[PDB]
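# kindly return the folded structure for what I paste below:
(one chain, ligands or ions: 2)
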Amino acid sequence: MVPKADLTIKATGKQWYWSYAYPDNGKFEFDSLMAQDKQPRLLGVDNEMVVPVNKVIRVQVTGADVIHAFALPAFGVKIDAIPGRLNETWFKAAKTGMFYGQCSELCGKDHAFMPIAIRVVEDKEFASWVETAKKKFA
Ligand SMILES: [Cu+2]
Ligand SMILES: [Cu+2]
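Numbers count the residues shown, from 1 in each chain. Ligands and ions are numbered 1, 2, ... in the order given. Take a look at the structure below.
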């Protein structure tokens, strides 16, 4: 069962990146593309999924092209991202910081290079980030 959520984010797997939509924060969406100009190697991206600490985050998970899977080991999360299907999982981060995962379903050439990067922040910073993101992402 998915517990009562404080916020929902939709994570859509694509060849070979994730898109994150924020239905509860103004319906903006952005792509999260591997950077590696950035540490850690194979895990850093241009635009992280930002979430508030100490909140139930429902993650709706789907794919856009082929089957992917959303894996976030620090939270015990692993769920298929199947095009045509909206799956759901969740996590609650007990502390701030960076948390990383990977696509866990072989999905072609760049499967190994579509990381999930989550930045957990306090409420104040989350709200400030949302302000900026709404403008950045359109
Ligand atoms: Cu994939
Ligand atoms: Cu994959």
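# bridging across strands, which residues link to the residue nearest the centre of the chain?
The residue lying closest to the centre of the chain (Cα atoms, centre = their mean) is residue 49, at 4.8 Å. Here residue 49 sits in beta bridges with residue 118, as judged by DSSP bridges.
# please name the residues that touch it.
By Cβ atoms under 8 Å, 6 or more residues apart in numbering, residue 49 lies in contact with 9, 11, 18, 20, 32, 116, 117, 118, 119. No exception for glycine: its C-beta is placed from N, CA and C like everyone else's.
# 10 Å instead?
Neighbour list for residue 49: 9, 11, 18, 20, 22, 30, 32, 57, 59, 72, 99, 116-120 [criterion: Cβ atoms under 10 Å, 6 or more residues apart in numbering].
# same check, this time on residue 21
8, 9, 10, 11, 12, 27, 28, 29, 30, 60, 137.
# can you map out the strands along this structure?
Here the chain has its strands, by DSSP state E, at 7-14, 17-22, 28-32, 49-52, 56-63, 68-72, 77-81, 87-92, 97-103, 116-121.
# tell me if the last one is near ligand 1.
If I follow you right, that is strand 116-121. No: using Cβ under 5 Å from the ion, we find that strand 116-121 stays clear of ligand 1, coming within 10.2 Å at best.
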